[PDB]
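The chain below stands alone and is given as structure tokens, in the form solved without the ligand.
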């Protein structure tokens, strides 16, 4: 796709105060999501393989949407699992537990007992979940979402500058095409 396909402010929004990227020198791509959001679950098998194919000049990051209440609890679980280094199938187990099994996963005790049956070490989970370090990460993730001015999920942000989502892009594949377009826009601008 190209500029002809989009209207700035519609399919994507440009931030007036670009947010510094996590990895200088690479084009950042962030997905913000909540485990409990049905469209986040539906988007997972679309965004994940795409992210695996990203080139060396792109740096892909995921953040929990810490939008309050159970979103924060689930987000803390996400940060915990990421820190532990789990494989992606564990994330699918969490999604499935919430969306298909209707499990609440509302406390670390419940999470650890559930995840223990999904190949996640309970003691490492509880230690990580309850760590001072994870509190720091949570505060940073809250501040980032505020800086990105995110209102919903799943949301994409390219290079700390352009925010878009599935609705704004017009569908799951459209979201990836828009991401590719904005990534290329940033890539080209840096080559001038």
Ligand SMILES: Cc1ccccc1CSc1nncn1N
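Residue numbers count along the first chain shown, from 1.
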request  = Between 108 to 116 and 72 to 80, name whichever shows the higher mean Cα B factor according to the PDB entry.
outcome  = 108 to 116
ask   = On average, which has the higher Cα B-factor in the deposited entry, 1 to 9 or 182 to 190?
value = 1 to 9
key: Maximum C-alpha temperature factor, selected from 157, 146, 40, 65   = 146
key: Residue, from 44, 52, 31, 57, that the PDB entry assigns the highest Cα B-factor   = 52
key: Position of residue 22 among the chain's modelled residues by C-alpha B-factor, lowest, middle or highest third   = highest
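Not pictured, yet referred to below: the form solved in complex with the ligand.
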inquiry  = Only one of these stretches, 161 to 169, 121 to 129, 28 to 36, 44 to 52, has heavy atoms within 4.5 Å of the ligand in the bound PDB entry; which one is it?
reply    = 28 to 36
ask   = Do residue 20 and the ligand come within 4.5 Å of each other in the bound PDB entry, heavy atoms counted?
value = yes
task = Would you please decide whether residue 40 lies within 4.5 angstroms of the ligand in the bound PDB entry, comparing each non-hydrogen atom pair?
result = no
key: residue 153, heavy atom within 4.5 angstroms of the ligand in the bound PDB entry   = no
message = If we define contact as a non-hydrogen atom of the residue within 4.5 angstroms of the partner, is residue 79 a contact of the ligand in the bound PDB entry?
response = yes
remark   = Partner-free chain; cross-checking the ligand in the bound PDB entry, the single residue of 147, 70, 58, 61 with a heavy atom within 4.5 Å is 61
ask   = Going by the ligand in the bound PDB entry, which residues of 134 to 160 come within 4.5 Å of it through any heavy atom?
value = 137, 140, 141, 144, 148
